[PDB]
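This report concerns only the one structure given below.
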Amino acid sequence: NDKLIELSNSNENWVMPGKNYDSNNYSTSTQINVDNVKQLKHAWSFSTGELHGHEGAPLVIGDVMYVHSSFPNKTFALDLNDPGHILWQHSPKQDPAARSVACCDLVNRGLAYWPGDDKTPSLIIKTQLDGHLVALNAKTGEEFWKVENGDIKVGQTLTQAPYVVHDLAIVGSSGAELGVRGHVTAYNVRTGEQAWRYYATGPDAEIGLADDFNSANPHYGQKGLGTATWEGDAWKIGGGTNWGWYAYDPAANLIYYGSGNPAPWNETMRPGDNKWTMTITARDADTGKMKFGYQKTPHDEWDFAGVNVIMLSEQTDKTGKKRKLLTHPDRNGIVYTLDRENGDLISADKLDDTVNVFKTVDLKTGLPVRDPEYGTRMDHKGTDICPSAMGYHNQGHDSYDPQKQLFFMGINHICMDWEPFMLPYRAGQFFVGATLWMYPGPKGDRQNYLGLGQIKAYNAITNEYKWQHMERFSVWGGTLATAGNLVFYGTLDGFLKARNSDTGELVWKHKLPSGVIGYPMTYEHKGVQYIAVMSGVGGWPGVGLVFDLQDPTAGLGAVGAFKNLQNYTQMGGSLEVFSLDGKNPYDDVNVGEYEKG
Amino acid sequence: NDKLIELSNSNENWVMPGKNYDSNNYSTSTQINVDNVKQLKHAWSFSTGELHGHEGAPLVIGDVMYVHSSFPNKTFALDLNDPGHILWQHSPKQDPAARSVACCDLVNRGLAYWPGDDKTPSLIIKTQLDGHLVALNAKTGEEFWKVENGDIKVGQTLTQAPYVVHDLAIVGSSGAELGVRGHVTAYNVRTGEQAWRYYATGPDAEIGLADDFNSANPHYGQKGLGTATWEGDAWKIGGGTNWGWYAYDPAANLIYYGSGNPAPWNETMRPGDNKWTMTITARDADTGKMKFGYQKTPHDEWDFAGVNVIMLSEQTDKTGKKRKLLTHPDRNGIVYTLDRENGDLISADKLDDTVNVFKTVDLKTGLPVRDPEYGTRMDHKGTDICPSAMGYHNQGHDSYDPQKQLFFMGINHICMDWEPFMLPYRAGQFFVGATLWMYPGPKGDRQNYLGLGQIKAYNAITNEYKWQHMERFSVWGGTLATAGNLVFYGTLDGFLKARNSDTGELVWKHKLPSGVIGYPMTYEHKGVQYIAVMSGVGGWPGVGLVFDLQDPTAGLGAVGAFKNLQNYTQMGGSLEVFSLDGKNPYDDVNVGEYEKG
Amino acid sequence: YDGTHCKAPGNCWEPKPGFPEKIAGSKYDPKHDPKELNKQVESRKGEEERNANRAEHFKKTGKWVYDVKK
Amino acid sequence: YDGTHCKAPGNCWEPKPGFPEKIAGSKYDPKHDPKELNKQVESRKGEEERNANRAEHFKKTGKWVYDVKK
Ligand SMILES: O=C(O)c1cc(C(=O)O)c2c(n1)C(=O)C(=O)c1cc(C(=O)O)[nH]c1-2
Ligand SMILES: O=C(O)c1cc(C(=O)O)c2c(n1)C(=O)C(=O)c1cc(C(=O)O)[nH]c1-2
Ligand SMILES: [Ca+2]
Ligand SMILES: [Ca+2]
């Protein structure tokens with residue numbers, strides 16, 4: 001969408017999830033920077049009226065800010081000139097039984113935006129936990145359309161942000177933990193009509209392979225594999241849902257995302273590579289044909305759901321070839337870089353040396369070399385497996401600074417023990433089949449259950465980490481890089497922190513209400529740069545806190561790993577805004593006064 | 001409790017509801033003041049993990065802050081040197097059917113504190129919506145004791161803060177809207193044993209009159225009236241609950257509170273003055289005998305629940321007599337002053353000239369002169385009655401500055417129409433019997449439903465308002481006065497505001513997450529003065545917002561009056577802390593770091 | 001009824017034009033049921049008993065046990 | 001099974017020491033029920049039909065009506 005491209009070029013706007021089609025969470029704004037960051041103060045806040053994890057991050061289109069809450073997925077439009085006045089609100093009614101099929105908290109990752117024409121209003125595109133993709137008139141909040149795109153009776157739901165490319169709204173899928181076979185659809189934002197829909201497993205036609213799928217890298221695999229790497233029909237309830245983030249190349253016309261883990265979690269119940277799951281995927285935005293596809297985790301054994309963020313850049317590789325690239329830090333412990341035009345695998349670096357499920361990732365063959373001692377199988381309990389199922393990286397949307405060519409990654413440091421069990425499939429029930437125990441990895445405090453995050457700056461080409469700091473909890477919410485030489489990220493213990501992005505030095509932090517699992521974002525309104533982030537702990541790490549569980553193996557194993565998080569935060573739900581000196585419209589005391597005199 | 005008196009003398013502590021036994025919400029702290037208030041910034045925040053109204057205000061005892069939430073009445077202990085670390089938490093389990101008998105939101109007004117001895121730990125005293133008074137070891141949060149003091153099956157619940165005097169914990173009552181007859185009990189904080197319990201209606205022995213009850217003002221009424229001013233047994237389900245605030249005179253040994261409205265709201269169903277309800281009450285702290293009693297609203301016709309805050313002071317009256325005094329702004333529109341030793345009525349001033357239910361309050365006879373045109377009765381609909389049932393003042397705990405001798409009052413400007421209806425009494429159901437329509441009063445915007453609050457500074461003796469400002473919503477949360485020449489109060493639209501307390505000028509305000517219905521409070525920790533207030537709209541004004549009602553007559557009539565509040569705030573729940581320059585422990589970036597290096 | 005005419009101190013209630021001094025026997029009769037009227041007095045006897053039971057056990061063992069079936 | 005031995009490109013799965021190439025017929029047999037296996041394909045035919053029904057009505061009247069029983 002060229003209009004989106006152009007509005008993304010303005011610092012007064014943040015118009016899509018991940019800010020731009022590069023999905024790089026970078027602002028060229030310098031007004032806030034290493035030299036005055038100690039002057040950053042609170043400007044205003046807005047509570048959503050909901051508890052549970054609050055993921056993603058608002059949108060800003062000129063004078064309007066749009067925020068989104070946990071279930072039931074309220075949308076609100078706030079007036080930046082008086083952010084206490086709510087321009088409008090959308091409050092869906094959903095069946096509350098949707099709650100019961102959400103694996104990992106009532107979260108939602110955010111809104112997208114379609115800039116209108118003269119025939120048609122601009123539209124805010126949102127998902128609902130109960131499966132619907134809804135389009136709202138972006139000035140009034142009235143329903144424009146609502147399509148069904150997930151039935152909770154067959155275990156399905158929606159937690160990702162959707163995405164606008166051209167006059168298309170693209171929507172993903174949730175429920176691999178309930179046997180859902182991953183699907184991605186594009187609907188036409190003017191008509192509400194389905195334009196294409198494709199699957200992550202089964203016959204090629206249903207997956208949507210392009211005739212020349214993987215032609216530049218045929219050792220990756222080509223025809224017939226979404227059925228050949230299964231036994232019988234086990235692909236039908238096979239997982240591969242895509243509930244993470246998108247990116248888009250306007251010139252190649254390609255959207256990139258990763259597909260999730262295969263089902264069930266019990267690897268013994270599905271011999272085979274389980275292809276198209278765990279796959280880095282490039283599809284023609286408009287026909288949805290799959291150009292290329294790289295399976296990072298063949299025959300997943302760990303729930304390494306392949307859905308993580310994808311950051312686009314242009315760099316010179318190690319041989320001198322100037323390349324167009326994607327970079328992609330995975331649950332499985334491996335951060336990948338591919339040429340985004342052909343699939344050529346360029347780098348595959350451990351996110352931390354403690355990773356042990358693989359010895360290495362052979363670049364020529366593109367295979368991960370498996371350490372059989374850290375795999376999983378029936379009648380065995382695997383111990384000290386790193387990463388755990390929560391991954392050394394989860395759904396946090398990271399940033400990349402194209403000036404420094406550095407990626408800023410919020411990492412998890414969580415290992416695990418793991419034993420599967422046989423279970424039947426019943427549509428609309430859980431279809432997991434394993435019992436996990438999770439704890440901090442080797443470089444954290446394994447006895448006292450602290451030390452589950454890291455934050456690191458990384459160059460995709462030289463393969464080096466310029467700096468690394470351990471963090472008390474997993475850095476789960478992603479990060480934000482700016483030209484003021486600062487990177488910003490929220491912590492699960494409730495700080496917004498700013499480190500010097502050249503050195504990793506910690507230079508500022510502030511106690512928000514609740515832990516953070518959304519990424520901070522930035523925009524300039526009347527010559528003032530503001531930094532905003534969602535507060536409200538939850539998501540997978542919050543499940544023990546949020547549902548009052550104590551069984552360490554509950555919440556799919558996250559309960560034991562995070563038993564301590566609740567000593568540092570409770571539930572919340574709000575947007576917190578910051579700026580130099582707390583400058584904000586209420587600096588004029590009469591803004592929003594009934595008396596005004 | 002002399003130890004409480006002494007700890008209240010220290011600015012590092014805020015040790016009881018209303019700060020001290022004067023209940024005057026005044027701090028002699030000057031570090032924040034008219035000349036630097038524009039430098040006030042956000043220091044930190046804490047979310048409670050609960051939604052709905054958050055009333056009252058935390059306690060601070062040296063290094064520990066104690067905060068309290070909406071139902072289910074969690075208590076948390078925060079470490080002021082690192083307020084993100086939760087020292088401890090108490091999470092009651094309560095039957096969720098308690099929700100169904102709470103008239104006006106799941107709110108709670110706060111904690112009290114008993115400083116311990118060498119035999120016994122200091123104790124945090126709290127109430128629970130389900131009727132219990134619980135005592136917690138104030139260093140560990142473990143249950144010390146738990147007594148039943150309200151059965152939800154007979155319509156009862158607890159929303160007030162309790163109160164500590166001597167080695168006694170005093171507890172009030174809720175449910176006049178469900179026919180509950182008001183009761184006040186003292187339990188012994190060491191033993192958990194009941195020390196005395198008295199009622200607001202019936203035979204004198206059950207009410208606890210002192211032999212010399214009202215001897216200085218016998219025209220108020222003396223013996224036999226809690227039955228004589230009823231017909232038959234209608235006193236048994238008669239109301240008079242006391243869910244507001246306390247105050248205490250150590251030398252007279254007297255605690256002061258006001259008792260609530262009689263039941264039902266239909267005046268035709270209970271002819272008679274309905275004595276002891278609507279009464280300003282002074283009881284010996286230790287035996288609980290009622291020294292004196294002034295009925296402000298004989299035979300209530302408007303739900304003017306007589307439970308408002310009571311502020312103690314010493315002034316010279318108009319004849320030159322230096323007096324010990326209580327001051328008491330009432331739902332009924334009248335702010336009263338009495339000599340706190342004998343009951344002598346000194347001033348009775350309209351809170352705003354629009355009040356019309358009374359022509360005046362005759363000081364000699366102490367009777368309110370009724371304007372029969374604004375009364376209520378069966379088969380009649382009263383129109384343009386001011387105040388409404390929400391009162392020109394509700395449960396907000398105001399402040400008094402003893403230097404200026406000025407009271408700072410957050411007022412409501414809500415009139416009403418009112419028609420009763422016949423209903424039976426059934427224990428454990430509602431027992432209201434009227435249909436109200438409410439709207440802004442004459443000086444607000446009656447067409448557009450804004451302009452429902454005022455804030456005013458008042459001298460109890462000369463009867464003058466030094467200044468008055470209208471406010472967009474009712475100022476419902478009380479106010480806080482300091483020696484820096486500033487008064488502070490939260491608004492239902494989500495600002496903490498500071499006016500110059502000499503002039504009423506608005507000089508500062510800040511957008512909190514949600515509307516405020518608790519009072520701000522202040523304390524100094526390591527030479528830094530902090531101002532803290534609870535955010536989280538709800539209580540009676542929030543009921544339409546909080547429960548999604550649209551019927552203007554729902555929520556006992558509050559739905560129509562506040563239809564607009566939700567354009568300015570949603571639900572929330574948090575504590576927000578402020579200080580000069582946002583100074584706060586995280587100014588040191590390593591406080592609360594896992595790395596710390 | 002203006003509230004100023006008092007048959008006795010603290011006792012000025014009057015009925016209004018067209019309404020009776022007593023409501024019993026009239027169309028305003030509430031007809032309360034004494035069983036209902038006493039419900040709260042009964043409920044409080046239970047709370048006080050169980051409370052007394054919990055303090056006395058506390059007195060003796062130094063630990064509060066809420067659930068009085070111990 | 002180290003993942004590097006491939007009977008074909010993109011197809012390196014091996015069973016592990018002591019586990020079979022095929023699970024059907026073994027103690028690991030999942031015994032899925034085809035009715036169940038097809039549930040999602042059925043569910044999606046309904047969504048697509050009702051969706052198609054709602055866009056076509058929209059096309060024609062310019063107002064989206066969710067509940068397809070209009
Ligand atoms: O495959 C799925 O359908 C699905 C969905 C989601 C989601 O929808 O939030 C998560 C996961 N899987 C998952 O494996 C996971 O670890 C996870 C963590 C979180 C979170 O935000 O903290 N969501 C999800
Ligand atoms: O008499 C009662 O038992 C009772 C209790 C309460 C309460 O418990 O919050 C309120 C009232 N009455 C009442 O009349 C009223 O207007 C009211 C407003 C609020 C609020 O905090 O906004 N609570 C209560
Ligand atoms: Ca998954
Ligand atoms: Ca009442």
Side-chain angles (χ1 to χ4, degrees), chain A residues 589, chain B residues 4-41 43 57-62 65 80 247 309 311-316 325 327 396-410 455-462 464-467 469 475 477-490 496-510 518-533 576-583:
Chain A
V589 297
Chain B
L4 281 175
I5 306 203
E6 180 149 294
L7 297 155
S8 69
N9 302 327
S10 180
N11 288 182
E12 302 152 286
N13 304 329
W14 180 287
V15 307
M16 65 184 79
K19 200 212 206 280
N20 55 44
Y21 278 133
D22 286 347
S23 214
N24 66 18
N25 277 192
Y26 179 76
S27 160
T28 60
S29 275
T30 67
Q31 175 193 107
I32 290 161
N33 60 65
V34 277
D35 287 334
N36 65 3
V37 85
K38 294 186 198 268
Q39 279 174 63
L40 199 50
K41 323 287 180 165
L59 297 181
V60 169
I61 311 288
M65 184 188 278
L80 288 188
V309 55
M311 288 160 294
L312 267 33
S313 73
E314 190 145 15
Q315 309 179 53
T316 313
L325 298 165
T327 293
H397 185 117
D398 292 344
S399 64
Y400 169 74
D401 183 328
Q403 291 315 130
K404 321 178 175 266
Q405 296 193 154
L406 281 171
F407 299 93
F408 302 97
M409 305 182 305
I455 174 109
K456 304 190 174 181
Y458 167 56
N459 173 292
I461 294 292
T462 64
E464 256 122 52
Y465 287 86
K466 185 132 164 309
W467 53 252
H469 284 281
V475 181
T479 74
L480 163 62
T482 90
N485 286 304
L486 256 0
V487 54
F488 281 91
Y489 63 99
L496 201 222
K497 311 165 156 194
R499 296 184 183 271
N500 175 303
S501 77
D502 297 319
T503 63
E505 203 199 344
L506 185 56
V507 288
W508 170 94
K509 96 197 176 151
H510 201 250
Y519 58 84
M521 53 77 75
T522 198
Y523 64 91
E524 288 177 48
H525 165 91
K526 287 150 179 198
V528 188
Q529 182 199 352
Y530 295 97
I531 308 206
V533 73
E576 297 298 315
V577 199
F578 285 90
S579 62
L580 270 233
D581 281 311
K583 216 143 162 313

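The figures that follow rest on heavy atoms only: side chains count, while hydrogens, waters and symmetry mates do not. Chain letters run A, B, ... following the sequence lines, proteins first, then strands; residues in each count from 1.
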Stepwise, does the side chain to side chain contact (heavy atoms under 4.5 Å, CB included) test hold for B:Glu576 with B:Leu496?
CA-CA 9 Å; B:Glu576 297 298 315; B:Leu496 201 222; over 6 Å; no
Full working for side chain to side chain contact (heavy atoms under 4.5 Å, CB included) between B:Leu406 and B:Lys466
CA-CA 8 Å; B:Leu406 281 171; B:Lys466 185 132 164 309; 4.2 Å; yes
For B:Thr30 and B:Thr482, what are the C-alpha separation, side-chain angles and deciding distance, and is it a side chain to side chain contact (heavy atoms under 4.5 Å, CB included)?
CA-CA 7 Å; B:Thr30 67; B:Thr482 90; over 6 Å; no
Worked verdict on B:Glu464 versus B:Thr462 for side chain to side chain donor-acceptor pair (under 3.5 Å)
CA-CA 6 Å; B:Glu464 256 122 52; B:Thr462 64; 3.3 Å; yes
Kindly determine whether B:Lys404 and B:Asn459 satisfy side chain to side chain donor-acceptor pair (under 3.5 Å), including the steps that lead there.
CA-CA 9 Å; B:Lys404 321 178 175 266; B:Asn459 173 292; over 6 Å; no
Determine whether B:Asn485 and B:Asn33 satisfy the following criterion, side chain to side chain contact (heavy atoms under 4.5 Å, CB included), listing intermediate values before the conclusion.
CA-CA 6 Å; B:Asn485 286 304; B:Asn33 60 65; 5.8 Å; no
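Between the NZ atom of B:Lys456 and the CH2 atom of B:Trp467 there is a distance of 11.0 Å, given to the nearest 0.5 Å. Taken to the nearest 0.5 Å, the OH atom of B:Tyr489 stands 5.0 Å off from the CD1 atom of B:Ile455. The structure places CD1 of B:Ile32 at 8.0 Å from CG of B:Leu486, a figure rounded to the nearest 0.5 Å.
Within the 3.5 Å criterion, the main-chain N or O of B:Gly527 finds a donor-acceptor partner in the side chain of B:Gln31. Side-chain N or O atoms of B:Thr522 include one that pairs as donor or acceptor with a backbone N or O of B:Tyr530 at under 3.5 Å. Although no hydrogens or angles enter the test, the distance criterion places no donor-acceptor pair under 3.5 Å between the side chain of B:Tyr519 and the main chain of B:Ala57. Without hydrogens or angle criteria, B:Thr479 side chain to B:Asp398 main chain gives no donor-acceptor distance under 3.5 Å. Remark: the backbone N or O of B:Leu7 is paired with a side-chain donor or acceptor of B:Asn13 at under 3.5 angstrom. B:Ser10 places a side-chain N or O within 3.5 Å of a backbone atom of B:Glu12 that can act as its donor or acceptor partner. Judged by distance alone, the side chain of B:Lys38 and the main-chain N or O of B:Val507 form a donor-acceptor pair under 3.5 Å.
When the options B:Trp508, B:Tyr523, B:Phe488 are evaluated for a ring pair (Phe, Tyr, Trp, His ring centres under 6.0 Å) with B:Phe578, the one that passes is B:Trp508. Screening B:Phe408, B:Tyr400, B:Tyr465 for a side chain to side chain contact (heavy atoms under 4.5 Å, CB included) with B:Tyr458, the sole residue that qualifies is B:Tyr465.
Shortest non-hydrogen contact noted between B:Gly518 and B:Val533 is O-CG2, 4.0 Å. Summarising the geometry of B:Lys19 relative to B:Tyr26, their closest heavy-atom pair is CE-O, 2.9 Å, with the distance given to 0.1 Å. Contact between B:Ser579 and B:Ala43 at its shortest, heavy atoms only, is OG-CB, 3.5 Å. For the residue pair B:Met16 and B:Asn20, the shortest heavy atom distance occurs at SD-C, 3.3 Å. Here the shortest heavy-atom pairing between B:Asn500 and B:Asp502 reads OD1-N, 2.8 Å. Between B:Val487 and B:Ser399, the shortest heavy-atom contact is CG2-OG, 4.3 Å.
B:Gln405 has its side chain out of reach of B:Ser313: every pair of non-hydrogen atoms, C-beta onward, lies at least 4.5 Å apart. Between B:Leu312 and B:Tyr21, every side-chain heavy-atom pair lies at or beyond the 4.5 Å cut-off. Using a 4.5 Å heavy-atom cutoff, the side chains of B:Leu59 and B:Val15 are not in contact. B:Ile461 has its side chain out of reach of B:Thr316: every pair of non-hydrogen atoms, C-beta onward, lies at least 4.5 Å apart. You'll find the side chain of B:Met311 stays beyond 4.5 Å of the side chain of B:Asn25, heavy atoms only.
Within a 6.0 Å sphere centred on CD of B:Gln403, heavy atoms belonging to other residues, nucleotides or ligands number 12 at most. In the displayed structure, B:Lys583 atom NZ is contacted under 6.0 Å by at most 12 heavy atoms of other residues, nucleotides or ligands.
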